[PDB]
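> A single structure is presented below for examination.
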Amino acid sequence: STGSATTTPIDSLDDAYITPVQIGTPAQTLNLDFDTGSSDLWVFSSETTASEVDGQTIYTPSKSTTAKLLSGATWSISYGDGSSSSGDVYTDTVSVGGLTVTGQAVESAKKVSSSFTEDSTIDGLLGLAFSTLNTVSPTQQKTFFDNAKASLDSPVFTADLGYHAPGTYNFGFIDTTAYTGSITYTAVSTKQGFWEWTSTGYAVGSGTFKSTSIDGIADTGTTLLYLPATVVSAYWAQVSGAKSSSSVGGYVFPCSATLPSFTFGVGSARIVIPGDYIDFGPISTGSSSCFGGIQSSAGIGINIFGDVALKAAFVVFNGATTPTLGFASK
């Protein structure tokens, strides 16, 4: 089997992407944030504290004839950006772009933190990291991809995120029309539960490529590119007027400046992030100071190849017995 679904930016900055997901019988369609940096499928629901729901579409298990309470199961998650949610668990039928899993753990939120309430466009998350990160207790649950894997034509999914435009998540096949050149594959460590790999270096604009190993994660659920402070400093030094602002919480730059591209290495191959991808607009409405899309990972404890980087490529998440990652230009 295969599945194919369109993923759409939630706003004009590509702060995140939502993908429609059918849950239950009859189908309840929720727009979920596909997150290769976590491993819980959770949704706003009929069980969510009423004061914490503000415009989201909710999953109502009692209206689904295929929903079953996972007795005794609870979940609780906290994300890198400080947000969190928690609740209980149902199993139900979940379909993504024509691909159907029966018995998928659907984690029903009883509580969500402010940032989730305040984002009306995201109805939940669908985790696509490794199932070892899943938070369901006492019995850890599998991700949608893990459950689908054996049925897929090929044990892979691909992320093709758009710049200021819709893109695609495919399951089970590689669309050879969706990228240019060849796909370069690189080794993955699953030891922290992430799609963790090592980039071979970087270049800033037309600058010379610096060969240096950068360990990080391919994370569709993180907006920006977080890299070591040395790298990030070398990038913003090429932008006139750019500075790191502690009050704002990272690098900002005059909206009148021209951003150079940023290149990262995948083996001997090179992915170029156009400068425009690194512009995340005014820090506040009407401000001439713009927020940068490349920021320091210092004190995150890991480098993160978020959407800014991933949307410059066609990315293969290869869930073969030994997982790997593939990157192609497009």
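Numbering starts at 1 and runs along the chain as it is shown here.
So how was this one determined? The header says X-ray crystallography, 1.6 Å.
Backbone N, Cα and C define each Cβ position, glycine as well.
Per Swiss-Prot, domain 'Peptidase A1' is recorded for 17-328. Under the heading active site, Swiss-Prot lists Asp35, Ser199. Residues or ranges marked as disulfide bond by Swiss-Prot: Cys255-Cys290.
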> I need the nearest neighbour of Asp35 (active site) among the recorded positions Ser199, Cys255, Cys290, using C-alpha distances.
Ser199
> I want to verify one value. Collapsing DSSP to three states, which class is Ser199 (active site)?
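The residue in question, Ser199 (active site), is strand (DSSP, three-state).
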> Does anything in the same chain, at least 6 positions from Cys290 (disulfide bond), have a Cβ under 8 Å from its Cβ, and if so what?
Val252, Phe253, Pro254, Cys255, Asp279, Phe280, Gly281, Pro282, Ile283
> Just how many other Cβ atoms lie inside 10 Å of the Cβ on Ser199 (active site)?
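Neighbour count, Cβ to Cβ under the 10 Å cut-off: 22.
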> Taking DSSP as the reference, which of helix, strand or coil describes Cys255 (disulfide bond)?
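It is coil.
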> Least buried of the recorded positions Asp35, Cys255, going by other Cβ atoms within 10 Å?
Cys255
> Using DSSP reduced to three states, classify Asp35 (active site) as helix, strand or coil.
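Assignment for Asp35 (active site) reads strand.
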